[PDB]
Amino acid sequence: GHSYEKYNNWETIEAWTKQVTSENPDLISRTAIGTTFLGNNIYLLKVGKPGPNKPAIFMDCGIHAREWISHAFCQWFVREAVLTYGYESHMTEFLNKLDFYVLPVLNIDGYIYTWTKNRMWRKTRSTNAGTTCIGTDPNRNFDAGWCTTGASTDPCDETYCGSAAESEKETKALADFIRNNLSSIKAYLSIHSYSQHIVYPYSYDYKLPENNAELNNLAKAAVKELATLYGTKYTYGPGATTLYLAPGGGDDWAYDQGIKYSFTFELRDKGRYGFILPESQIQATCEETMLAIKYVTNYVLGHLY
Ligand SMILES: NCCCC[C@H](NS(=O)(=O)N[C@@H](CC1CCCCC1)C(=O)N[C@]12C[C@H]3C[C@H](C[C@H](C3)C1)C2)C(=O)O
Ligand SMILES: [Zn+2]
Ligand SMILES: [Zn+2]
Ligand SMILES: [Zn+2]
């Protein structure tokens, strides 16, 4: 009982990854890139018309368990790819020329826990030595300025950085995947909520990236594209300057691997519902977000490297 306009539990998303791939075998393939702490398969969808030597864009959702609109968006993206390939000029060009590696739910164990026990859970569900506090923040667990200010050394904290960079199976799986395909991946997109913000590097330190001007301009344009639909207002900028220090993030790690187009999207809303965004807003949120993602994709295509 999957619906793109409702939040779906993991069993349902999992079955959807299988069914959407089987229904669209010339546009989608599915692999498991690793397993979670609790043993769940971490699925990755490769969306695109197969071809030789294609560049790729990587996008993850559901790094954080409670950010349900993020998981909903990755599903929406794949929905749009299969629905509009052959029917809309831009998406057609995109899937011909690029592959999208879409990881619909990174932190599966945490996501299950938000359905069963605690709707507000954020972290993974791994154990910690010397305490009964559970979990590591995957977005403080990447090897980029790892465990500095903005992450916590306290396992009971929401920004706990883990026992070591890539301590979490989920983080290692994602990083291993990108490392194994680094020469093909041209952009990194990470979907989160909330606050209506596009972030680009850096978040692990107060410093601006080599291509700050370009990323500023691209973010500004993507935010403009997004607003055209419903007038939804996003702000944007380097992470540590706009948001806060948040070291060990996947976006900064990917950027330092040489993926120069790297962004974090914080979706709706601005705090009225916060993480508990009503299902009635999934459609509008996803449709407007699609415009910003497509804008960035089209830009990357015009600026291959
Ligand atoms: N990689 C670079 C960007 C990373 C941004 C990313 N943001 S997020 O975790 O997805 N969501 C954000 C949304 C909020 C942002 C400010 C306004 C109110 C909402 C979030 O949960 N942040 C906190 C911020 C602290 C520490 C810990 C628990 C509380 C307090 C909420 C996470 C991330 O901190 O990892
Ligand atoms: Zn998040
Ligand atoms: Zn649509
Ligand atoms: Zn240019």
Side-chain angles (χ1 to χ4, degrees), residues 4-5 60-71 73 76-84 87-88 90-91 106-107 110 120-123 135-142 144-145 150-152 154 157-161 171 188-205 211 213-215 217-218 221 229 235-256 261-277 282-291 293-294 298-305:
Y4 289 111
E5 300 92 57
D60 60 64
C61 299
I63 276 175
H64 297 122
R66 66 195 172 188
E67 295 160 26
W68 286 16
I69 191 65
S70 174
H71 315 59
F73 183 70
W76 203 279
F77 179 84
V78 173
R79 169 198 183 275
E80 287 285 338
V82 301
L83 179 65
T84 73
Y87 287 94
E88 192 274 307
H90 296 288
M91 181 61 86
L106 189 265
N107 180 12
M120 285 296 284
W121 192 256
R122 165 186 182 78
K123 295 190 289 172
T136 291
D137 185 345
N139 230 23
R140 305 288 186 284
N141 193 237
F142 292 85
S152 181
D154 181 356
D157 290 8
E158 288 285 72
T159 56
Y160 178 54
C161 65
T171 309
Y188 171 83
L189 308 170
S190 187
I191 311 301
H192 294 261
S193 77
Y194 59 92
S195 77
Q196 305 178 185
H197 262 116
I198 302 175
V199 157
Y200 60 84
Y202 286 98
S203 298
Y204 67 70
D205 188 20
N211 66 332
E214 181 182 32
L215 295 182
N217 284 345
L218 176 51
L229 232 205
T235 54
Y236 62 89
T241 94
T242 331
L243 192 48
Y244 41 61
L245 290 169
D251 55 355
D252 284 354
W253 176 79
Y255 188 84
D256 283 342
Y261 301 115
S262 181
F263 296 101
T264 291
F265 287 70
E266 305 268 26
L267 304 191
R268 291 197 194 177
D269 56 16
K270 292 184 74 168
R272 176 167 182 213
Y273 296 102
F275 302 115
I276 312 89
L277 197 73
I282 292 165
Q283 178 193 172
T285 303
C286 289
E287 290 291 350
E288 72 192 8
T289 307
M290 283 301 305
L291 299 184
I293 300 292
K294 289 172 90 164
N298 188 233
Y299 187 92
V300 170
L301 257 184
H303 295 81
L304 294 170
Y305 65 104

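Each residue takes its place number in the sequence, starting with 1. Computation of the quantities below employed the complete heavy-atom set of this structure, encompassing side-chain atoms and omitting hydrogens, waters and symmetry-equivalent molecules. Indexing begins at 1, ligand by ligand and atom by atom, following the structure's order.
Within the model, atoms CD1 of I191 and CZ of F263 stand 11.5 Å from one another, a figure rounded to the nearest 0.5 Å. Atom CZ of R122 sits about 4.0 Å away from atom CG of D137, to the nearest 0.5 Å. In this structure, the separation between CZ on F265 and CD1 on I69 is 14.0 Å, given to the nearest 0.5 Å. Rounded to the nearest 0.5 angstrom, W68 CH2 and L267 CG are separated by 16.0 Å.
Of the polar atoms of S193, at least one N or O is found under 3.5 Å from an N or O of ligand 1, judged by distance alone. In terms of N/O distances under 3.5 Å, ligand 1 is not approached by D137. Taking any N or O of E266, backbone or side chain, at least one lies under 3.5 Å from an N or O belonging to ligand 1. The shortest N or O to N or O distance between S203 and ligand 1 is not under 3.5 Å. At least one N/O-N/O distance between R140 and ligand 1 falls below 3.5 Å.
Between the side chains of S70 and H192, no donor-acceptor pair is found at a separation under 3.5 Å. Side-chain polar atoms of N141 and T136 form no donor-acceptor pair below 3.5 angstrom.
Not a single heavy atom of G250 sits closer than 4.0 Å to an atom of ligand 1.
The single protein non-hydrogen atom nearest to atom 4 (C) of ligand 1 is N139 ND2, 3.6 Å, given as residue, atom name and distance. In this structure, the protein non-hydrogen atom closest to atom 22 (N) of ligand 1 is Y244 OH, 3.0 Å. For atom 14 (C) of ligand 1, the closest non-hydrogen atom on the protein side is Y194 O, 4.0 Å.
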Going through the distances and angles, do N211 and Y255 end up as a side-chain hydrogen bond (donor to acceptor under 3.5 Å, both in side chains)? CA-CA 11 Å; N211 66 332; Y255 188 84; 2.6 Å; yes
**Q.** Residues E80, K294; criterion salt bridge (charged side-chain N to carboxylate O under 4.0 Å, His left out); working and verdict
**A.** CA-CA 11 Å; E80 287 285 338; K294 289 172 90 164; 5.4 Å; no
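Listed by number with element, the atoms of ligand 1 under 4.0 angstrom from any heavy atom of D251 are 1 (N), 2 (C). Those atoms of ligand 1 with a heavy atom of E67 less than 4.0 angstrom away are 8 (S), 9 (O), 10 (O), 11 (N). Proximity to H192 (heavy-atom distance under 4.0 Å) selects the following atoms of ligand 1: 10 (O). Close contacts of ligand 1 with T159, meaning ligand atoms under 4.0 Å from a residue heavy atom, involve 26 (C), 27 (C).
Ring geometry for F77 versus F73: interplanar angle of 30 to 60°, hence tilted.
Proximity of the aromatic rings of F142 and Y204 is defined here by a centroid distance below 6.0 angstrom, and this criterion is not met.
Relative to atom 21 (O) of ligand 1, the option among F275, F265, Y202 with the closest non-hydrogen atom is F275. Distances from atom 31 (C) of ligand 1 to the heavy atoms of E158, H197, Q196, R66 show the closest one on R66.
Between the side chain of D252 and the backbone N or O of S262 there is no donor-acceptor pair closer than 3.5 Å.
Closest to the Zn ion (ligand 3) among the N, O or S atoms of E80 is OE2.
Put simply, atom 25 (C) of ligand 1 has no protein non-hydrogen atoms near it, under 4.0 Å away.
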